Amino acid sequence: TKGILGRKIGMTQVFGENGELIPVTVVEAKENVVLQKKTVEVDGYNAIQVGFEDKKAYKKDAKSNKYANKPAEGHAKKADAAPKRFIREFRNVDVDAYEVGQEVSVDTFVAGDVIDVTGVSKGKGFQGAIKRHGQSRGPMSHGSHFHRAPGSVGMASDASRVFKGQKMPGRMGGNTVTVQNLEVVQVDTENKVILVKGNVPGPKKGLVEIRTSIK
Amino acid sequence: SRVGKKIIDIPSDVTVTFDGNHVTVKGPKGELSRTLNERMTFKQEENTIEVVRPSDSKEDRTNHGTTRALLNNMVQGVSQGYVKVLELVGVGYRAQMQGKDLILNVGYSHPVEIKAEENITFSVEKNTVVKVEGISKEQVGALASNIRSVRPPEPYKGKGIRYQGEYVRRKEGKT
Amino acid sequence: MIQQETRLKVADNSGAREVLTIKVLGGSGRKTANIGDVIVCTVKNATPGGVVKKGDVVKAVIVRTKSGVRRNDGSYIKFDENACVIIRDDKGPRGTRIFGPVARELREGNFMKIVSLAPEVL
Amino acid sequence: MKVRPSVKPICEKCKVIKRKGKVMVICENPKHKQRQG
RNA sequence: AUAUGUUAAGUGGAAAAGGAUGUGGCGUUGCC
RNA sequence: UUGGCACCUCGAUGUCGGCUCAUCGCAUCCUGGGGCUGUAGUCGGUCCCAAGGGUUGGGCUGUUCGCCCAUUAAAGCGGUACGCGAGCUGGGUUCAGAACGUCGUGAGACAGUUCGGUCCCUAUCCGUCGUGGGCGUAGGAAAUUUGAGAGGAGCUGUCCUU
RNA sequence: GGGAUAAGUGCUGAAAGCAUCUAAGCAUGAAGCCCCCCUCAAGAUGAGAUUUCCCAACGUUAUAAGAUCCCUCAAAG
Ligand SMILES: CC[C@H]1OC(=O)[C@@](C)(F)C(=O)[C@H](C)[C@@H](O[C@@H]2O[C@H](C)C[C@H](N(C)C)[C@H]2O)[C@](C)(OC)C[C@@H](C)C(=O)[C@H](C)[C@H]2N(CCCCn3cc(-c4cccc(N)c4)nn3)C(=O)O[C@]12C
Ligand SMILES: [Mg+2]
Ligand SMILES: [Mg+2]
Ligand SMILES: [Mg+2]
Ligand SMILES: [Mg+2]
Ligand SMILES: [Mg+2]
Ligand SMILES: [Mg+2]
Ligand SMILES: [Mg+2]
Ligand SMILES: [Mg+2]
Ligand SMILES: [Mg+2]
Ligand SMILES: [Mg+2]
Ligand SMILES: [Mg+2]
Ligand SMILES: [Mg+2]
Ligand SMILES: [Mg+2]
Ligand SMILES: [Mg+2]
Ligand SMILES: [Mg+2]
Ligand SMILES: [Mg+2]
Ligand SMILES: [Mg+2]
Ligand SMILES: [Mg+2]
Ligand SMILES: [Mg+2]
Ligand SMILES: [Mg+2]
Ligand SMILES: [Mg+2]
Ligand SMILES: [Mg+2]
Ligand SMILES: [Zn+2]
């Protein structure tokens, strides 16, 4: 029913009521604004569009993404908002309960809420079968010349080909990942911070999306 | 002999309104409606109705018998209705009315609730006797079947929910 | 972190001195046991005159590990050695005396007699 | 249920029927239930 | 396409001993 | 499977076992549903549906197989050149040395045994895993997206209560 | 969790006075099927949708929105 955008700051720990140790992820979710309401009538489905982080205003001869371009400035100005660095949609919210241009404060979530956190996992670059697919090494001694190779990739005359989906070296990480059934440990109104039990995908400063757990 | 060729003596209270191919039998005890076969003739007198088949194939005899049986069942259900009786055997086996639904205590960790449907009314007389009355014969049979299948009878002691008059095959248990 | 072929000192007076882990109980493919888990083991060394003889295949509960355990409050206990106690079917120790400190975790496993006999529970 | 290619009455109360294209025997004696297959 | 019929199994479009109120044509017959 | 046949390959289609990596069938080992029981219960026997997932770590032997130890819900049976050596090993097996038993007058040999004994190749095409450039998408662009379709996931124990 | 099913289990019900789960109808029923969960996905050439930005004269020359070259870099490689 709820959603908000934030940046992952880092990991720390808090002590629970019973003295239990709760590892937590600090998510900073300032400056969230509803930019657009998509509806079944116009777009074919219901969603709100949320911009997260304020950008600098447009200027001529801007060289980087720090400054809004004219299409982005117009789109944001339609919501009476500053242009935003990150923009994402939430289809799990009630379209009625939002006004275009309203803020989305962290206080929308309460302690004990069960949430799903979505983000882009850390990149690992080109990685082999051992690291990328958890495969086993060959022997490291006893004459072996097979240590980190992927092994056999097919059978023989039948099928005289490698099947689709064969696990092989390649770029690893940098994929969208949703971690389900995390919990809100604390919401701190100042500093606009949400404390999430456990760890969430991605590097520090990366964008995360928090939604009320679907399950 | 034959079943479909047999005539039906409609009740004086029941108004068998033959809506063409479709049929609708409003009577003292309720109303019924289902579309009879689209290849049969349902010509009726003022006080009687007699079904006739237009063909002679296997489908002709089969459809004629089933159509006449359905019509007679609708007439008898409008007139007198239908009663299904269930009996509970076993220590602690009881049933009760929670308003319209029926609760059964049949030895599970939980009771089982049997909800009432339209034109169906339940009734549990003693602790261990139940009854399913209604106009439609098929619906009454189906509800009684569900009530019985909550806990069907068992051979070693006859425990469970049995039909009134059901013969339960019994077996000595080699205790 | 006890696995197959791990050797543990015995912390009772059952007669076994050192045992070798044959199996970690608790499900298919389980590799490692820790404090409070039950293992199958063979007696490698035994004290003469004891009840449990060298070569016997017995069951033991781990009461001390070098890897130690982590507790719910973020605190840890680690020991300088790995030790176990030979138990009967009903979890009671086969011996009459327990030596060395044992971890509090044996309370959760209902090894209450072993807990009572130990000089120290930490 | 007896599932076998040879479906035939075992006792005098056995009845041979055809249900959904399968030759079956139904009887008061549950041991005599058969389905061809 | 035309005429008469058969099949309801997609049988047609891979198989046997054996089993079976599946259905059609033929008959010799019995009770009524 | 042991074979029968001798149709492809003798200007070479690398043989057993293991390792790595799988993939498919169902005649189902476990788990799910169900009928019969010479099914009281707890357990079983047998048959039917069911291939989603799961289906072990050691001792001996080159072994496959098998026996054993200890587990497990279970430790299923098969196909894929008895899957997989331009992926690995090389213990075994068709190599030169040597020895035993045995046979042979002998050189030597084996319903046998024993110790030792070089595993080459920089990937062109298809295939597969990743990752870019071009053009198209009836103006050009920035961002947010629907989802035709595709992939992934799918297991199960013990205890308490009733 | 929902929907449809397998083996089954039925209800109603004739053909065939009876009986019959089936022939017409009506239900119920599996870790299995289709969804529900996660990810990719319009080269889906059927190339989809929404919001916002921009607007020229005479093939050429210079441009708009927008980008790139080049340079400082890393959470990416
Ligand atoms: C390591 C290099 C050698 O490769 C191999 O030995 C192997 C591993 F590649 C090899 O044995 C291949 C696989 C062989 O082929 C197989 O032959 C079988 C009969 C049949 C099989 N298939 C068809 C079923 C074939 O694949 C064979 C005959 O080589 C002997 C190939 C032929 C063409 C052959 O003779 C070639 C020329 C062979 N050879 C004689 C080596 C002769 C042995 N040797 C000599 C040396 C050496 C010489 C000088 C210096 C140094 N430092 C070393 N090292 N090893 C070389 O001088 O070089 C190679 C390529
Ligand atoms: Mg390994
Ligand atoms: Mg190496
Ligand atoms: Mg027979
Ligand atoms: Mg066909
Ligand atoms: Mg066919
Ligand atoms: Mg052959
Ligand atoms: Mg010839
Ligand atoms: Mg050859
Ligand atoms: Mg050649
Ligand atoms: Mg099968
Ligand atoms: Mg399966
Ligand atoms: Mg298996
Ligand atoms: Mg092979
Ligand atoms: Mg080899
Ligand atoms: Mg090969
Ligand atoms: Mg060798
Ligand atoms: Mg001699
Ligand atoms: Mg050697
Ligand atoms: Mg789709
Ligand atoms: Mg396609
Ligand atoms: Mg479980
Ligand atoms: Mg488009
Ligand atoms: Zn019988």
Side-chain angles (χ1 to χ4, degrees), chain A residues 35-36 38 42-45 47 49 69-72 74-76 78 87-89 122-123 125-126 135-139 142-146 149-171 174-178 180 202-206 215, chain B residues 2-4 34 37 58 61-66 68-70 73 109 137 139 141-142 144-146 149 155-157 171 173, chain C residues 4 22-23 25-29 31 40 57, chain D residues 1-3 5-8 15-21 23 26 30-31 33 35-37:
Chain A
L35 294 182
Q36 189 183 351
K38 289 186 179 187
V42 167
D43 307 81
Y45 69 102
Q49 203 193 58
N69 55 41
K70 278 183 71 59
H75 176 75
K78 242 203 89 165
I87 303 164
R88 297 291 189 283
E89 280 180 19
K122 293 165 74 148
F126 203 120
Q135 306 199 347
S136 325
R137 290 161 312 136
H142 298 289
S144 164
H145 291 107
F146 181 98
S152 178
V153 299
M155 299 72 78
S157 293
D158 308 334
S160 285
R161 67 194 181 98
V162 183
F163 289 154
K164 277 192 199 308
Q166 179 73 56
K167 284 172 188 178
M168 268 187 191
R171 187 154 308 173
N175 319 301
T176 296
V177 174
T178 303
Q180 293 181 309
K204 292 183 267 247
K205 298 165 175 183
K215 280 158 168 176
Chain B
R2 188 81 176 70
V3 152
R34 59 109 66 69
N37 191 247
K58 188 136 158 280
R61 343 267 279 207
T62 320
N63 273 17
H64 193 229
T66 179
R68 195 235 96 125
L70 267 47
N73 279 336
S109 296
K137 199 183 182 177
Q139 224 199 21
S145 274
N146 302 352
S149 86
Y156 301 114
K157 283 173 78 140
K171 268 186 175 146
Chain C
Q4 191 169 310
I22 281 170
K23 186 74 50 191
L25 305 183
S28 177
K31 309 326 217 183
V40 182
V57 174
Chain D
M1 179 77 70
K2 290 164 167 50
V3 188
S6 178
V7 161
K8 51 185 186 211
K15 191 190 203 317
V16 181
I17 64 178
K18 183 144 193 208
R19 264 180 204 158
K20 331 206 82 143
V23 178
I26 60 167
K31 281 178 155 200
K33 283 171 59 203
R35 190 247 303 169
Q36 212 172 27

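Letters A, B, ... are given to chains in the order of the sequence lines, protein chains preceding strands, and every chain is numbered from 1. Atom set for the values below is all heavy atoms of this structure, side chains included, hydrogens, waters and symmetry mates excluded.
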Engineer: Sort out the partner of F:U158 for me: Watson-Crick or G-U wobble, both distances under 3.5 Å, none otherwise.
Structural biologist: none
Engineer: Might you list the N or O atoms of the protein lying below 3.5 Å from N or O atoms in nucleotides 78-83 of chain F, with each pair's distance?
Structural biologist:
{"unit_1": "F:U80", "atom_1": "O2'", "unit_2": "A:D158", "atom_2": "O", "d": "2.9"}
{"unit_1": "F:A81", "atom_1": "OP1", "unit_2": "A:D158", "atom_2": "O", "d": "3.3"}
{"unit_1": "F:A81", "atom_1": "OP2", "unit_2": "A:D158", "atom_2": "N", "d": "3.4"}
{"unit_1": "F:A81", "atom_1": "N7", "unit_2": "A:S157", "atom_2": "OG", "d": "2.4"}
{"unit_1": "F:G83", "atom_1": "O2'", "unit_2": "A:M155", "atom_2": "O", "d": "3.3"}
{"unit_1": "F:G83", "atom_1": "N2", "unit_2": "A:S152", "atom_2": "OG", "d": "3.4"}
{"unit_1": "F:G83", "atom_1": "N2", "unit_2": "A:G154", "atom_2": "O", "d": "3.4"}

Engineer: Using the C1' atom as the reference point in each nucleotide, state the distance between F:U56 and G:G8 in Å, no decimals.
Structural biologist: 37 Å
Engineer: Need the glycosidic conformation of F:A12: syn if within 90° of 0, anti if not. Which one?
Structural biologist: syn
Engineer: Could you tell me which nucleotide pairs with E:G19 by Watson-Crick or G-U wobble geometry, both distances under 3.5 Å, or answer none if nothing does?
Structural biologist: none
Engineer: Strictly below 4.0 Å: does A:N175 bring a side-chain N or O up to OP1 or OP2 of G:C40?
Structural biologist: no
Engineer: Taking F:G76 first: does it form a Watson-Crick or wobble pair with F:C26, both atom distances below 3.5 Å?
Structural biologist: yes
Engineer: Examine F:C103 and F:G108 and say if both key distances are under 3.5 Å for a Watson-Crick or a G-U wobble pair.
Structural biologist: yes
Engineer: Considering only atom P, compute the distance from F:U156 to F:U31 and round it to an integer number of Å.
Structural biologist: 10 Å
Engineer: Defining pairs by Watson-Crick or G-U wobble geometry with both distances under 3.5 Å, how would you list the stems of RNA chain G with at least three pairs each?
Structural biologist: F:139-145 with G:48-54, F:149-152 with G:37-40, G:1-3 with G:33-35, G:8-11 with G:25-28
Engineer: Using only heavy-atom distances, determine whether the side chains of A:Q135 and A:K167 contain a donor-acceptor pair under 3.5 Å.
Structural biologist: no
Engineer: Check if the side chain of A:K38 and the base of F:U144 share a donor-acceptor pair of N or O atoms closer than 3.5 Å.
Structural biologist: yes
Engineer: What integer number of Å spans the P atoms of F:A73 and F:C43?
Structural biologist: 15 Å
Engineer: Is the phosphate of G:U28 approached by B:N146 (side-chain N or O, under 4.0 Å from OP1 or OP2)?
Structural biologist: no
Engineer: Anything under 3.5 Å between a protein N or O and an N or O of nucleotides 58-64 of chain F, put it in a table, one pair a line.
Structural biologist:
{"unit_1": "F:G58", "atom_1": "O4'", "unit_2": "C:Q4", "atom_2": "NE2", "d": "3.3"}

Engineer: With both distances kept under 3.5 Å, what pairs with F:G97, Watson-Crick or G-U wobble?
Structural biologist: F:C115
Engineer: Can you check the distance between F:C129 and G:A74, where both ends of the measurement are the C1' atom (answer in whole Å)?
Structural biologist: 26 Å
Engineer: What pucker does F:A123 have, north or south, from the sign of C1'-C2'-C3'-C4'?
Structural biologist: south
Engineer: Report the base-pairing partner of F:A22 (Watson-Crick or G-U wobble, both distances below 3.5 angstrom), or none.
Structural biologist: F:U80
Engineer: Expressed as a whole number of Å, how far does the P atom of G:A42 sit from that of G:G48?
Structural biologist: 10 Å
Engineer: Under 4.0 Å, counting only non-hydrogen atoms across every strand here, what does A:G165 touch: a base, just sugar-phosphate, or nothing?
Structural biologist: sugar-phosphate
Engineer: Within the sub-3.5 Å range, which N or O atoms of nucleotides 73-77 of chain G have a protein N or O partner, and how far apart are they?
Structural biologist:
{"unit_1": "G:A76", "atom_1": "OP1", "unit_2": "A:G123", "atom_2": "N", "d": "2.8"}
{"unit_1": "G:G77", "atom_1": "OP1", "unit_2": "A:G125", "atom_2": "N", "d": "3.2"}
{"unit_1": "G:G77", "atom_1": "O3'", "unit_2": "A:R171", "atom_2": "NH2", "d": "3.1"}

Engineer: Once each nucleotide of nucleotides 146-162 of chain F is scored for protein heavy atoms under 4.0 Å, what B/S/- sequence comes out, 5' to 3'?
Structural biologist: SS--------------B
Engineer: Strictly under 3.5 Å: I want the nitrogen or oxygen pairs between protein and nucleotides 47-54 of chain F, one per line.
Structural biologist:
{"unit_1": "F:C48", "atom_1": "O2'", "unit_2": "D:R35", "atom_2": "NH2", "d": "3.0"}

